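A lone chain, given as structure tokens: the form deposited in one PDB entry.
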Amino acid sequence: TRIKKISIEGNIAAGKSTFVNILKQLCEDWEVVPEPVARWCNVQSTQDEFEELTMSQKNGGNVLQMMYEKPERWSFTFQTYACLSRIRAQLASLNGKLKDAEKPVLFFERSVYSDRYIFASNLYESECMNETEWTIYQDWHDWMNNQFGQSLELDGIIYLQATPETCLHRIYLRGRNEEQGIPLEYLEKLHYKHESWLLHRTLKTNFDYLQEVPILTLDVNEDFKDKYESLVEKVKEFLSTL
């Protein structure tokens, strides 16, 4: 593809969806692939073409909730689904959007890399996946990204950096029910993984190009109106260096 692929990375409730879905309106050649969180909170699979004419598509379970309620049981399942749903969404947007754009940019809300190296890894490190689950997950992730990764390789990353405290407040502002018991400690562990990966750049992955991918770091701790102008000026300048 000629479509530039930029991932927006950041902790839970940092403000990624808010920022990028406002940002994308500046340019008709800019689209977003949102994170499939609704597919996690209401688990559904495809209906048969005849059955769907007389049967409704039922609300399923909430595997995001299941993970938060018992992570030692449900982390592997959630992480596997999260990543699959994401790859599906990302690949379809590449094949189908911005075909007639002049300078097309697709912004991803998170990546397969944060799925593995931030979230799944932290769960493994906190004994919510055992060695077998962690091996199986990394095998699957490796294999998929050897088939598919080329098409999904990133041209750049925009790291939206917020303190764990800001994130915890923003989880309360947003009101997602299954997130209201998340403790500061968990956000803080995610925070440090993001810093290692994107700020200090010491976190090593199995995808060598990532050590070189350009990264733009933006502080999003202030109220939205207070820095938006400067954020946008930084983003445009960043994009033109790619």
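Note that residue numbering follows the sequence shown and begins at 1. In this text, rigid core is short for the largest set of C-alphas that superpose within 1.5 Å between two forms.
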{"query": "Between 128 to 136 and 145 to 153 (mean CA B-factor, as deposited), the higher", "finding": "145 to 153"}
{"query": "Between 100 to 108 and 83 to 91 (mean CA B-factor, as deposited), the higher", "finding": "100 to 108"}
{"query": "Per the PDB entry, maximal CA B factor within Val33, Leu26, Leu53, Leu216", "finding": "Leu26"}
{"query": "Member of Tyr68, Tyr209, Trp197, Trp40 with the greatest C-alpha B factor (per the PDB record)", "finding": "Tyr209"}
{"query": "CA B-factor placement of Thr18, once the chain's modelled residues are sorted into thirds", "finding": "middle"}
{"query": "Among modelled residues of the same chain, the CA temperature factor third for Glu185", "finding": "middle"}
{"query": "Chain third (lowest, middle, highest) by recorded CA B-factor, residue given as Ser45", "finding": "lowest"}
{"query": "Cα B factor band for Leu239 (lowest, middle or highest third within the chain)", "finding": "highest"}
{"query": "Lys204 - which third its CA temperature factor falls in, relative to the rest of the chain", "finding": "highest"}
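Keep in mind the form deposited in another entry is missing from the figure; the text below concerns it.
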property	result
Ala101 C-alpha relocation of at least 2 Å between the shown form and the other one, rigid core basis	yes
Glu69 C-alpha shift between the shown form and the other one of 2 Å or more, rigid core reference	yes
